[PDB]
Amino acid sequence: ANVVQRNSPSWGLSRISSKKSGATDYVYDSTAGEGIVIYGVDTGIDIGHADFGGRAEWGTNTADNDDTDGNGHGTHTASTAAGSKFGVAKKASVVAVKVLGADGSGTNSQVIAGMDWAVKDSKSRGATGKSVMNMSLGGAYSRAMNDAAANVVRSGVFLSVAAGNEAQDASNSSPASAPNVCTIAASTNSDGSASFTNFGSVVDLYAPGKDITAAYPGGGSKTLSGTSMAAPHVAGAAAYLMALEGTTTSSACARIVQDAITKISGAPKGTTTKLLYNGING
Ligand SMILES: [Ca+2]
């Protein structure tokens, strides 16, 4: 049944349930992603934060010996994907995979080790075909990183990836350029293409990415910008559609692209103008 979150605290939530910009309420089916696991591959998650309501658990830490989010990005992106107040899929389960340190850096091998851990965990949980991974990090082109990302998807885990923030073609970035991932560019509240977003033919769609408010370690909230903020909207929408329509991980990017509306103004040439839409027809 339809649930309405009135005056939602981040414009990105109300945008994705509306065909037109300027909406204030977020409208979604009560299934709300329940029973879907989302792996947050990032700086860690403040799993005690009220916004997760006990649905966040600690998976692994390949970066250091401190099992907390000392940066903030990992909590913020998990919150956009699945937080009660700030999130898309408000009943999904969330698993922290900490692969970056408190300063937001980590080596490719630490990231890949976290991705590998998550694939194993999803098999052990029986979540193959109904699992989601969010990667709001990116770097220079790397065949090894692209192989690892492709393996995640081939193993039955949907993978949403930030396109990057260097205002360039995302084909020069990994894992944005990897086979079969869902690569997400950042939009603004006026439906423009954010000035920093990477673009090009590897981008599958846009999602809200500028001035996105979500949870921050220690119980408050923070407003941030980047394609890092855009990707978890799509991670949450995938979990939502899996629990609602039963779409599988291998088809979820294509289904999101099919539902998306051609709303972006002034998208760079050769770049889709499709914007995330949850299909609610409110
Ligand atoms: Ca793609």
Side-chain angles (χ1 to χ4, degrees), residues 16 36 38-41 77 80-81 88 111-112 115 118-119 122 128-187 193-194 197-209 226-242 245 247-264 267-279:
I16 64 162
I36 306 300
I38 298 167
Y39 296 94
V41 178
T77 61
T80 292
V88 177
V111 174
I112 293 172
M115 301 168 66
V119 164
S122 68
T128 301
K130 42 185 212 280
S131 295
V132 168
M133 179 181 288
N134 185 74
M135 284 190 65
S136 287
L137 55 86
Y141 177 84
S142 168
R143 173 66 185 269
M145 173 69 62
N146 281 13
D147 291 343
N151 182 65
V152 172
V153 176
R154 212 184 317 286
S155 303
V157 181
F158 165 88
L159 177 49
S160 58
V161 178
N165 304 322
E166 303 87 34
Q168 74 177 228
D169 194 300
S171 63
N172 308 297
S173 291
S174 289
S177 59
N180 304 308
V181 297
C182 210
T183 299
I184 313 307
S187 71
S193 178
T197 191
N198 284 0
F199 50 82
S201 67
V202 298
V203 169
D204 292 290
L205 68 152
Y206 280 79
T227 55
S228 293
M229 284 65 248
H233 289 84
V234 179
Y240 174 77
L241 290 173
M242 287 173 179
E245 304 180 346
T247 177
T248 51
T249 59
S250 54
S251 289
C253 191
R255 175 61 175 157
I256 287 161
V257 167
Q258 178 180 44
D259 265 332
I261 300 176
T262 289
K263 301 300 273 130
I264 299 297
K269 76 138 172 299
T271 306
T272 184
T273 64
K274 278 184 167 251
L275 175 61
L276 180 58
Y277 177 61
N278 73 172

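Position 1 is the first residue of the sequence; numbering continues from there. Side-chain atoms are counted along with the backbone in the values below, which use heavy atoms only and exclude waters and symmetry mates. Each ligand, and each atom within it, is numbered from 1 in the order the structure gives.
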Tell me which donor-acceptor pairs under 3.5 Å the side chains of residues 250-261 have, and how far apart each pair is, sequence neighbours excluded?
{"from": "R255", "atom 1": "NE", "to": "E245", "atom 2": "OE1", "distance (Å)": "2.9"}
{"from": "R255", "atom 1": "NH1", "to": "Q258", "atom 2": "OE1", "distance (Å)": "3.0"}
{"from": "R255", "atom 1": "NH2", "to": "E245", "atom 2": "OE1", "distance (Å)": "3.4"}
{"from": "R255", "atom 1": "NH2", "to": "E245", "atom 2": "OE2", "distance (Å)": "2.8"}

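Separation of atoms CG (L159) and OG (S131) is listed at 12.0 Å; rounding is to 0.5 Å. The OG1 atom of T271 lies 11.5 Å from the CG atom of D204; values are rounded to the nearest 0.5 Å.
For the Ca ion (ligand 1), the nearby protein N/O/S atoms, meaning those under 3.0 Å, are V181 O, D204 OD1, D204 OD2.
When side chains are defined from C-beta on, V132 counts as touching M242, because their heavy atoms get closer than 4.5 Å.
Looking only at atom types and distance, the side chain of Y206 has a donor-acceptor partner in the side chain of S193 under 3.5 Å away. Side-chain atoms of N146 and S177 include a donor-acceptor pair closer than 3.5 Å.
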